[PDB]
>>> print(open('work08.pdb').read())   # PDB, C-alpha atoms and all ligand atoms
ATOM      1  CA  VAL A   3     -14.420  18.399  -0.955
ATOM      2  CA  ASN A   4     -12.789  15.959  -3.465
ATOM      3  CA  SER A   5     -11.654  18.719  -5.901
ATOM      4  CA  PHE A   6      -9.153  16.632  -7.899
ATOM      5  CA  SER A   7      -7.388  18.309 -10.819
ATOM      6  CA  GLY A   8      -4.667  17.542 -13.378
ATOM      7  CA  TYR A   9      -5.549  13.818 -13.596
ATOM      8  CA  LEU A  10      -5.618  11.700 -16.728
ATOM      9  CA  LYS A  11      -8.898   9.772 -17.090
ATOM     10  CA  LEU A  12      -7.957   6.136 -17.934
ATOM     11  CA  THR A  13     -11.430   4.571 -17.621
ATOM     12  CA  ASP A  14     -14.934   5.790 -16.510
ATOM     13  CA  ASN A  15     -13.757   5.494 -12.872
ATOM     14  CA  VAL A  16      -9.903   5.342 -12.752
ATOM     15  CA  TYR A  17      -7.737   8.496 -12.911
ATOM     16  CA  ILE A  18      -3.933   8.900 -12.604
ATOM     17  CA  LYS A  19      -1.476  11.778 -11.988
ATOM     18  CA  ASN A  20       2.299  12.183 -11.575
ATOM     19  CA  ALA A  21       2.087  13.608  -8.013
ATOM     20  CA  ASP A  22       3.014  13.190  -4.334
ATOM     21  CA  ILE A  23      -0.029  11.716  -2.478
ATOM     22  CA  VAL A  24       0.763  14.007   0.494
ATOM     23  CA  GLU A  25       0.576  17.180  -1.596
ATOM     24  CA  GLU A  26      -2.594  15.927  -3.336
ATOM     25  CA  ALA A  27      -4.233  15.263   0.085
ATOM     26  CA  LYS A  28      -3.364  18.828   1.204
ATOM     27  CA  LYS A  29      -4.743  20.347  -2.015
ATOM     28  CA  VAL A  30      -7.883  18.212  -2.412
ATOM     29  CA  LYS A  31      -8.960  17.568   1.199
ATOM     30  CA  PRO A  32     -10.445  14.192   0.147
ATOM     31  CA  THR A  33     -13.058  12.219   2.081
ATOM     32  CA  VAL A  34     -10.734   9.166   1.950
ATOM     33  CA  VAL A  35      -6.924   8.870   1.532
ATOM     34  CA  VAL A  36      -5.577   5.318   1.153
ATOM     35  CA  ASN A  37      -2.411   4.287   3.027
ATOM     36  CA  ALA A  38      -0.223   1.472   1.637
ATOM     37  CA  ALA A  39       0.008  -0.102   5.099
ATOM     38  CA  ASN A  40       1.664  -3.261   6.616
ATOM     39  CA  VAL A  41      -0.164  -5.666   8.972
ATOM     40  CA  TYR A  42       1.109  -4.046  12.253
ATOM     41  CA  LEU A  43       0.483  -0.468  10.926
ATOM     42  CA  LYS A  44       4.145   0.610  11.419
ATOM     43  CA  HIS A  45       4.338   3.728   9.197
ATOM     44  CA  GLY A  46       8.119   4.304   9.186
ATOM     45  CA  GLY A  47       8.925   4.620   5.494
ATOM     46  CA  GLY A  48       7.683   4.934   1.924
ATOM     47  CA  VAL A  49       4.125   6.157   1.375
ATOM     48  CA  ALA A  50       3.009   5.297   4.927
ATOM     49  CA  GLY A  51       5.957   7.272   6.382
ATOM     50  CA  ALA A  52       5.251  10.246   4.126
ATOM     51  CA  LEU A  53       1.551  10.312   5.221
ATOM     52  CA  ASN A  54       2.396   9.814   8.937
ATOM     53  CA  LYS A  55       5.021  12.608   8.942
ATOM     54  CA  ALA A  56       2.505  14.942   7.264
ATOM     55  CA  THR A  57       0.139  14.305  10.254
ATOM     56  CA  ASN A  58       3.035  15.174  12.676
ATOM     57  CA  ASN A  59       2.964  11.521  13.955
ATOM     58  CA  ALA A  60      -0.778  11.606  14.876
ATOM     59  CA  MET A  61      -1.425   8.674  12.477
ATOM     60  CA  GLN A  62       1.202   6.458  14.182
ATOM     61  CA  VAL A  63      -0.147   7.170  17.686
ATOM     62  CA  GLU A  64      -3.717   6.311  16.582
ATOM     63  CA  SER A  65      -2.482   3.161  14.780
ATOM     64  CA  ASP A  66      -0.591   1.968  17.885
ATOM     65  CA  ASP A  67      -3.809   2.336  19.936
ATOM     66  CA  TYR A  68      -5.721   0.373  17.243
ATOM     67  CA  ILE A  69      -3.088  -2.450  17.243
ATOM     68  CA  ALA A  70      -3.062  -2.644  21.074
ATOM     69  CA  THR A  71      -6.839  -3.365  21.145
ATOM     70  CA  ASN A  72      -7.335  -5.301  17.860
ATOM     71  CA  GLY A  73      -4.077  -6.915  16.779
ATOM     72  CA  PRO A  74      -2.668  -6.888  13.246
ATOM     73  CA  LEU A  75      -4.584  -6.860   9.976
ATOM     74  CA  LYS A  76      -4.408  -9.686   7.410
ATOM     75  CA  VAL A  77      -2.729  -9.246   3.948
ATOM     76  CA  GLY A  78      -5.523  -8.102   1.604
ATOM     77  CA  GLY A  79      -7.391  -6.481   4.520
ATOM     78  CA  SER A  80      -8.098  -2.917   5.513
ATOM     79  CA  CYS A  81      -9.038  -0.626   8.352
ATOM     80  CA  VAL A  82     -10.762   2.797   8.387
ATOM     81  CA  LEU A  83      -9.195   5.221  10.898
ATOM     82  CA  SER A  84      -9.006   9.051  11.078
ATOM     83  CA  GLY A  85      -7.447  10.949   8.170
ATOM     84  CA  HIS A  86      -6.283  13.662  10.625
ATOM     85  CA  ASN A  87      -5.340  16.881   8.729
ATOM     86  CA  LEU A  88      -5.034  15.094   5.329
ATOM     87  CA  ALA A  89      -8.510  13.688   4.770
ATOM     88  CA  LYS A  90     -11.749  12.866   6.673
ATOM     89  CA  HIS A  91     -10.719   9.172   6.841
ATOM     90  CA  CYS A  92      -7.612   7.075   6.109
ATOM     91  CA  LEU A  93      -8.280   3.647   4.661
ATOM     92  CA  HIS A  94      -5.210   1.599   5.669
ATOM     93  CA  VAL A  95      -4.900  -1.194   3.052
ATOM     94  CA  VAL A  96      -2.414  -4.074   3.143
ATOM     95  CA  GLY A  97      -1.272  -5.222  -0.302
ATOM     96  CA  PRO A  98       1.069  -8.212  -0.618
ATOM     97  CA  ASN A  99       4.797  -7.630  -0.375
ATOM     98  CA  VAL A 100       5.983  -9.958  -3.151
ATOM     99  CA  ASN A 101       9.676  -9.051  -2.279
ATOM    100  CA  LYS A 102       9.021 -10.856   1.033
ATOM    101  CA  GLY A 103       7.178 -13.760  -0.742
ATOM    102  CA  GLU A 104       3.548 -12.767  -0.057
ATOM    103  CA  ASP A 105       0.759 -13.973  -2.408
ATOM    104  CA  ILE A 106       0.190 -11.676  -5.431
ATOM    105  CA  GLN A 107      -3.431 -12.997  -5.657
ATOM    106  CA  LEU A 108      -4.218 -10.929  -2.542
ATOM    107  CA  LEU A 109      -3.581  -7.671  -4.493
ATOM    108  CA  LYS A 110      -7.192  -8.072  -5.910
ATOM    109  CA  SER A 111      -8.447  -8.498  -2.284
ATOM    110  CA  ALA A 112      -6.525  -5.325  -1.306
ATOM    111  CA  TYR A 113      -8.136  -3.248  -4.148
ATOM    112  CA  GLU A 114     -11.611  -4.733  -3.387
ATOM    113  CA  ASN A 115     -11.593  -2.643  -0.118
ATOM    114  CA  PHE A 116     -11.809   0.539  -2.212
ATOM    115  CA  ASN A 117     -15.366  -0.431  -3.335
ATOM    116  CA  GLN A 118     -16.779   0.554   0.082
ATOM    117  CA  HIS A 119     -15.930   4.290  -0.605
ATOM    118  CA  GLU A 120     -17.473   6.292  -3.485
ATOM    119  CA  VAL A 121     -14.276   8.296  -4.070
ATOM    120  CA  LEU A 122     -10.674   7.779  -2.930
ATOM    121  CA  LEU A 123      -7.172   9.336  -3.302
ATOM    122  CA  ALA A 124      -4.718   6.370  -3.437
ATOM    123  CA  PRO A 125      -1.178   5.166  -4.180
ATOM    124  CA  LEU A 126      -0.435   2.260  -6.570
ATOM    125  CA  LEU A 127      -0.732  -0.778  -4.247
ATOM    126  CA  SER A 128       2.254  -3.105  -3.702
ATOM    127  CA  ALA A 129       4.557  -1.024  -5.975
ATOM    128  CA  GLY A 130       8.002   0.375  -4.783
ATOM    129  CA  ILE A 131       9.781  -1.777  -2.202
ATOM    130  CA  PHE A 132       6.766  -4.211  -2.029
ATOM    131  CA  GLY A 133       7.966  -5.462  -5.469
ATOM    132  CA  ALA A 134       4.749  -6.129  -7.425
ATOM    133  CA  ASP A 135       4.835  -5.394 -11.166
ATOM    134  CA  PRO A 136       3.375  -1.848 -11.240
ATOM    135  CA  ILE A 137       1.661  -2.383 -14.612
ATOM    136  CA  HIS A 138      -0.056  -5.483 -13.152
ATOM    137  CA  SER A 139      -1.115  -3.437 -10.056
ATOM    138  CA  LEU A 140      -2.731  -0.796 -12.330
ATOM    139  CA  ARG A 141      -4.590  -3.561 -14.281
ATOM    140  CA  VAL A 142      -5.889  -5.154 -11.061
ATOM    141  CA  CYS A 143      -7.121  -1.699  -9.920
ATOM    142  CA  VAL A 144      -8.939  -1.105 -13.239
ATOM    143  CA  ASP A 145     -10.571  -4.549 -13.200
ATOM    144  CA  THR A 146     -11.507  -4.610  -9.481
ATOM    145  CA  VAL A 147     -12.417  -1.076  -8.381
ATOM    146  CA  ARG A 148     -15.880   0.242  -9.452
ATOM    147  CA  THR A 149     -15.754   3.471  -7.338
ATOM    148  CA  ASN A 150     -13.915   6.691  -8.357
ATOM    149  CA  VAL A 151     -10.189   6.218  -7.663
ATOM    150  CA  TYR A 152      -7.568   8.949  -8.144
ATOM    151  CA  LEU A 153      -4.095   7.389  -8.251
ATOM    152  CA  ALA A 154      -1.125   9.573  -7.337
ATOM    153  CA  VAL A 155       2.194   8.053  -8.593
ATOM    154  CA  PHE A 156       5.223  10.088  -7.402
ATOM    155  CA  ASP A 157       7.711   9.088 -10.152
ATOM    156  CA  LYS A 158       7.629  10.583 -13.667
ATOM    157  CA  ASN A 159       9.236   7.565 -15.420
ATOM    158  CA  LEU A 160       6.921   5.115 -13.709
ATOM    159  CA  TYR A 161       3.850   7.273 -14.441
ATOM    160  CA  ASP A 162       4.814   7.568 -18.153
ATOM    161  CA  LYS A 163       5.397   3.789 -18.381
ATOM    162  CA  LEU A 164       1.999   3.063 -16.761
ATOM    163  CA  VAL A 165       0.199   5.480 -19.096
ATOM    164  CA  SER A 166       1.949   4.229 -22.269
ATOM    165  CA  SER A 167       1.254   0.591 -21.358
ATOM    166  CA  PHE A 168      -2.417   1.237 -20.541
ATOM    167  CA  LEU A 169      -3.005   3.114 -23.805
ATOM    168  CA  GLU A 170      -1.658   0.211 -25.976
TER
HETATM  169  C1  LIG B   1       8.010  13.703  -0.203
HETATM  170  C2  LIG B   1       7.070  12.822   0.600
HETATM  171  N1  LIG B   1       6.296  11.929  -0.268
HETATM  172  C3  LIG B   1       6.759  10.719  -0.607
HETATM  173  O1  LIG B   1       7.845  10.291  -0.198
HETATM  174  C4  LIG B   1       5.921   9.899  -1.515
HETATM  175  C5  LIG B   1       6.196   8.666  -2.055
HETATM  176  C6  LIG B   1       5.083   8.323  -2.900
HETATM  177  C7  LIG B   1       4.745   7.281  -3.811
HETATM  178  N2  LIG B   1       5.600   6.250  -4.053
HETATM  179  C8  LIG B   1       5.291   5.084  -4.864
HETATM  180  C9  LIG B   1       4.871   3.881  -4.037
HETATM  181  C10 LIG B   1       3.630   3.296  -4.220
HETATM  182  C11 LIG B   1       3.228   2.222  -3.445
HETATM  183  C12 LIG B   1       4.047   1.678  -2.459
HETATM  184  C13 LIG B   1       5.294   2.291  -2.270
HETATM  185  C14 LIG B   1       5.701   3.369  -3.044
HETATM  186  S1  LIG B   1       6.371   1.864  -0.987
HETATM  187  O2  LIG B   1       6.207   2.811   0.077
HETATM  188  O3  LIG B   1       7.690   1.703  -1.541
HETATM  189  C15 LIG B   1       5.759   0.307  -0.445
HETATM  190  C16 LIG B   1       4.239   0.345  -0.310
HETATM  191  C17 LIG B   1       3.584   0.469  -1.680
HETATM  192  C18 LIG B   1       6.462   4.772  -5.824
HETATM  193  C19 LIG B   1       6.210   3.502  -6.625
HETATM  194  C20 LIG B   1       6.742   5.956  -6.767
HETATM  195  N3  LIG B   1       3.565   7.324  -4.474
HETATM  196  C21 LIG B   1       2.771   8.384  -4.251
HETATM  197  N4  LIG B   1       2.993   9.454  -3.477
HETATM  198  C22 LIG B   1       4.158   9.376  -2.809
HETATM  199  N5  LIG B   1       4.681  10.336  -1.972
END
>>> encode(input="work08.pdb", output="structure tokens")
Amino acid sequence: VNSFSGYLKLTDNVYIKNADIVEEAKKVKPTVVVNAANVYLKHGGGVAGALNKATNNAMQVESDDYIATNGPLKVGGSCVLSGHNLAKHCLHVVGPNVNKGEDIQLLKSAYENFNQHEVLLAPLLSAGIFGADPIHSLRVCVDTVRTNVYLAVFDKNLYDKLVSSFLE
């Protein structure tokens, strides 16, 4: 039903909230939840692990079946699969892991996938252990995504830093 609440409106189409994406998916029941995936869809930790555990491992079983038939994704690519109990669909998006030396230019390619969905609940791509500068990731989102994106950032200090930087 996409009933998002408690978000700050940064631009005409980008919103942000200090929240756990799993709890937001349970509260909002969005049409699309974005997963910060890796190319072989192994959802063991971070955001992907949090989403998979909230589906009681249904997301991992479906992803394994996808990988068996189709092989891995490319960095910057995406895949629509079921959202299980969290959303109607899960858009698995692979942003670059700059801590492992992947190309930061592909973060624009990763956000470009959001433009195929009129409204999405999403994490901040390539942040956390993927090592991208989180302020840069928020700027790429703002400049690339035209559809309505609701970013959940589960860290108060990071959220406050992103907001303060954007409002300069
Ligand atoms: C209690 C269960 N929930 C969680 O653990 C949880 C964690 C979490 C979250 N983490 C951010 C984040 C954003 C992007 C990426 C990562 C981490 S990663 O997994 O380190 C690598 C892939 C890219 C941090 C930057 C704050 N953002 C929103 N909702 C969340 N929920």
>>> residues_around(input="work08.pdb", residues="residue 57 of chain A", least_positions_apart="2", cutoff="12 Å", atoms="all atoms listed in the file", output="list in words")
residues 24, 27, 28, 45, 50, 51, 52, 53, 54, 55, 59, 60, 61, 62, 63, 64, 84, 85, 86, 87, 88, 89 and 92 of chain A
>>> resolve_selection(input="work08.pdb", expression="the PyMOL selection byres (((chain A and resi 26) around 10) and not hetatm)", output="PyMOL selection string")
chain A and resi 5-7+19+21-25+27-32+35+88+123-124+152-154
>>> closest_residue(input="work08.pdb", among="A:4, A:159, A:128, A:40", to="ligand LIG 1 (chain B)", atoms="only C-alpha atoms and all ligand atoms")
A:128
>>> closest_residue(input="work08.pdb", among="A:144, A:151, A:36, A:121", to="ligand LIG 1 (chain B)", atoms="only C-alpha atoms and all ligand atoms")
A:36
>>> closest_residue(input="work08.pdb", among="A:142, A:77, A:137, A:109", to="residue 165 of chain A", atoms="all atoms listed in the file")
A:137
>>> closest_residue(input="work08.pdb", among="A:79, A:133, A:48, A:98", to="ligand LIG 1 (chain B)", atoms="all atoms listed in the file")
A:48
>>> closest_residue(input="work08.pdb", among="A:49, A:164, A:18, A:69", to="ligand LIG 1 (chain B)", atoms="all atoms listed in the file")
A:49
>>> closest_residue(input="work08.pdb", among="A:158, A:148, A:44, A:11", to="ligand LIG 1 (chain B)", atoms="all atoms listed in the file")
A:158
>>> resolve_selection(input="work08.pdb", expression="the PyMOL selection byres (((chain A and resi 75) around 12) and not hetatm)", output="ChimeraX atom specification")
/A:39-44,65,68-74,76-82,94-97,112
>>> atom_distance(input="work08.pdb", atom1="atom CA of residue 139 of chain A", atom2="atom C17 of ligand LIG 1 (chain B)")
10.4 Å
>>> axis_aligned_box(input="work08.pdb", around="segment 61-70 of chain A", padding_each_side="4 Å", output="JSON")
{"center_x": -2.3, "center_y": 3.0, "center_z": 16.8, "size_x": 14.9, "size_y": 19.3, "size_z": 16.6}
>>> atom_distance(input="work08.pdb", atom1="atom CA of residue 33 of chain A", atom2="atom CA of residue 134 of chain A")
27.3 Å
>>> atom_distance(input="work08.pdb", atom1="atom CA of residue 140 of chain A", atom2="atom CA of residue 126 of chain A")
6.9 Å
>>> residues_near_point(input="work08.pdb", point="(-19.5, 7.8, -7.2)", cutoff="7 Å", atoms="only C-alpha atoms", output="ChimeraX atom specification")
/A:120-121,149-150
>>> residues_near_point(input="work08.pdb", point="(-12.0, -4.7, -7.9)", cutoff="7 Å", atoms="all atoms listed in the file", output="count of residues only")
9
>>> resolve_selection(input="work08.pdb", expression="the PyMOL selection byres (((chain A and resi 132) around 6) and not hetatm)", output="count of residues only")
8
>>> build_atoms(input="work08.pdb", residues="segment 74-100 of chain A", atoms="N, CA, C and O atoms", output="short mmCIF file (atom, residue, chain, number, x, y, z; two decimals), keeping the file's coordinate frame")
data_model
loop_
_atom_site.label_atom_id
_atom_site.label_comp_id
_atom_site.auth_asym_id
_atom_site.auth_seq_id
_atom_site.Cartn_x
_atom_site.Cartn_y
_atom_site.Cartn_z
N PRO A 74 -2.99 -7.24 14.63
CA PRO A 74 -2.67 -6.89 13.25
C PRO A 74 -3.74 -7.23 12.24
O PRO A 74 -4.59 -8.10 12.47
N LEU A 75 -3.68 -6.56 11.09
CA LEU A 75 -4.58 -6.86 9.98
C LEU A 75 -4.08 -8.13 9.26
O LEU A 75 -3.03 -8.69 9.60
N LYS A 76 -4.82 -8.57 8.25
CA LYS A 76 -4.41 -9.69 7.41
C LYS A 76 -3.99 -9.05 6.05
O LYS A 76 -4.48 -7.97 5.67
N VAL A 77 -3.10 -9.72 5.29
CA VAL A 77 -2.73 -9.25 3.95
C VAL A 77 -4.01 -9.32 3.09
O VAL A 77 -4.73 -10.33 3.14
N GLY A 78 -4.31 -8.24 2.39
CA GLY A 78 -5.52 -8.10 1.60
C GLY A 78 -6.62 -7.36 2.35
O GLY A 78 -7.64 -7.00 1.75
N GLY A 79 -6.42 -7.15 3.66
CA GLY A 79 -7.39 -6.48 4.52
C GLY A 79 -7.21 -4.99 4.63
O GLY A 79 -6.25 -4.42 4.10
N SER A 80 -8.15 -4.35 5.33
CA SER A 80 -8.10 -2.92 5.51
C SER A 80 -8.75 -2.48 6.81
O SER A 80 -9.46 -3.26 7.47
N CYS A 81 -8.54 -1.21 7.14
CA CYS A 81 -9.04 -0.63 8.35
C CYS A 81 -9.30 0.87 8.14
O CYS A 81 -8.39 1.57 7.68
N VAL A 82 -10.52 1.37 8.48
CA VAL A 82 -10.76 2.80 8.39
C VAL A 82 -10.41 3.42 9.73
O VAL A 82 -10.91 2.97 10.77
N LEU A 83 -9.54 4.43 9.72
CA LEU A 83 -9.20 5.22 10.90
C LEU A 83 -9.29 6.71 10.48
O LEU A 83 -9.70 7.02 9.36
N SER A 84 -8.95 7.63 11.39
CA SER A 84 -9.01 9.05 11.08
C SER A 84 -8.00 9.43 9.97
O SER A 84 -6.92 8.83 9.85
N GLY A 85 -8.37 10.42 9.17
CA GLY A 85 -7.45 10.95 8.17
C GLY A 85 -6.69 12.16 8.70
O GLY A 85 -5.91 12.79 7.96
N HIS A 86 -6.97 12.55 9.97
CA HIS A 86 -6.28 13.66 10.62
C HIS A 86 -6.41 14.96 9.79
O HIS A 86 -7.51 15.28 9.36
N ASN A 87 -5.31 15.64 9.51
CA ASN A 87 -5.34 16.88 8.73
C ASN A 87 -5.34 16.65 7.21
O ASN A 87 -5.42 17.63 6.45
N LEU A 88 -5.19 15.39 6.77
CA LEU A 88 -5.03 15.09 5.33
C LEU A 88 -6.30 14.75 4.60
O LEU A 88 -6.42 14.98 3.41
N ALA A 89 -7.25 14.16 5.33
CA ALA A 89 -8.51 13.69 4.77
C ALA A 89 -9.51 13.46 5.92
O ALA A 89 -9.11 13.46 7.10
N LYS A 90 -10.80 13.18 5.59
CA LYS A 90 -11.75 12.87 6.67
C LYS A 90 -11.37 11.50 7.27
O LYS A 90 -11.28 11.33 8.50
N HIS A 91 -11.08 10.52 6.39
CA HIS A 91 -10.72 9.17 6.84
C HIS A 91 -9.45 8.70 6.12
O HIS A 91 -9.17 9.14 5.01
N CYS A 92 -8.72 7.75 6.76
CA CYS A 92 -7.61 7.08 6.11
C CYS A 92 -8.00 5.63 6.05
O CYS A 92 -8.25 5.00 7.09
N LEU A 93 -8.00 5.06 4.85
CA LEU A 93 -8.28 3.65 4.66
C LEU A 93 -6.92 2.97 4.57
O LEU A 93 -6.21 3.14 3.57
N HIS A 94 -6.50 2.29 5.65
CA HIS A 94 -5.21 1.60 5.67
C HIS A 94 -5.41 0.29 4.97
O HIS A 94 -6.16 -0.53 5.46
N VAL A 95 -4.73 0.04 3.82
CA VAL A 95 -4.90 -1.19 3.05
C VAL A 95 -3.59 -1.94 2.98
O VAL A 95 -2.57 -1.34 2.61
N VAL A 96 -3.63 -3.27 3.25
CA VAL A 96 -2.41 -4.07 3.14
C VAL A 96 -2.35 -4.88 1.83
O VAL A 96 -3.10 -5.83 1.66
N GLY A 97 -1.54 -4.43 0.88
CA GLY A 97 -1.27 -5.22 -0.30
C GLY A 97 -0.14 -6.19 0.01
O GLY A 97 0.65 -5.98 0.95
N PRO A 98 0.00 -7.24 -0.82
CA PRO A 98 1.07 -8.21 -0.62
C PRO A 98 2.44 -7.65 -0.94
O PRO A 98 2.62 -6.86 -1.89
N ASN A 99 3.42 -8.03 -0.12
CA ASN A 99 4.80 -7.63 -0.38
C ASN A 99 5.41 -8.84 -1.08
O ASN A 99 5.81 -9.82 -0.42
N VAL A 100 5.44 -8.81 -2.42
CA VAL A 100 5.98 -9.96 -3.15
C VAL A 100 7.52 -10.06 -2.98
O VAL A 100 8.04 -11.16 -3.09
#
